[PDB]
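Take a look at this single chain, the form deposited in one PDB entry, given in structure tokens.
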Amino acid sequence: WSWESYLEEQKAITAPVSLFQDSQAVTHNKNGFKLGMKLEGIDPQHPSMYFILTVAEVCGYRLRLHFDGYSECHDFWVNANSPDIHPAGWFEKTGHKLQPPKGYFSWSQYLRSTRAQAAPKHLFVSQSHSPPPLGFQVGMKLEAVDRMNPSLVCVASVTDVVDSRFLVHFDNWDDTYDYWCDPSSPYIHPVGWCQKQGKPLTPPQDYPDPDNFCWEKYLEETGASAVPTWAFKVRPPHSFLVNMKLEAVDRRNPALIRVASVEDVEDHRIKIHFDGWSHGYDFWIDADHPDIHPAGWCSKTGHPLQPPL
């Protein structure tokens, strides 16, 4: 099987590499991560939590990470150029909390009990050594769209700042709805944007008297400031067109990567259809999501590609 034969027998074309983010299109970097190496990283199920993780499998420009002390079912795949992992000893130099390995923390003491080797700092694109997001200070409040319930634009707080990205938290909720983004993010808005727009604003979960919610009183009673309206930047809609073909990680199994087509489009989203497969599997994904790549990515990085059904 080949792209050239398949694009030839199907009369289609691939999304131009220029439609992609550099992080998604980059194929010439070596995955320097080795088996058994220990790093720190965010639980994807809770983007505000930091765990001790161990490389359990490498495949091309991707690695499978294990949750030290917990089950192997919680394992997940990231790219080598992932910004959601950090070098051992990072959580402490930067003021983040680590969740110890089940049953437990000191790294030097851990790397001696485990006889492991920590992944060399130089592998990591993110060590909070870079310029922060402008206008987004921790504790500042904003209005954010719940990506899990898009119609819900809720009262949110900036809870984390790593390098170029901040973490949007939904007040009074846990962090399952929390998400990492940058100023340009299409899903974030400045205080008073909902009222300015006519849309309702979802008060914090169980905010006493959801009927008298007041950004002025709330900001004042929480001791918080609002991210300045000048901080929010515009993200140009992608140039992805329908029928274009790419490679996209399979959701029902993160380990695989498939031949896929742009089913439908928005300004900032993309419908991925897996070729030869049913359409009931099609999914909306963010055009900037790290799990979509140009045709030739899998081949150029040494990751197996799933041909159409």
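Numbers follow the displayed sequence, beginning with 1. By rigid core we mean the largest C-alpha set that fits within 1.5 Å across both forms.
Keep in mind that the form deposited in another entry is not shown, yet the notes after this line are about it.
Single mover in 118, 224, 201, 98, with Cα shift of 2 Å or more between this form and the one not shown when the core is superposed: The listed residue whose C-alpha shifts by at least 2 Å is 224.
Following rigid core alignment, is the displacement of the residue 187 C-alpha between this form and the one not shown equal to or greater than 2 angstroms? Comparing forms between this form and the one not shown, the residue 187 CA shifts below 2 Å.
Shift of residue 75 between this form and the one not shown at or above 2 Å (CA, core fit): No, the C-alpha position differs by under 2 Å between this form and the one not shown.
Does superposing the core leave residue 176 with a CA shift of 2 Å or more between this form and the one not shown? Yes, the C-alpha moves 2 Å or more.
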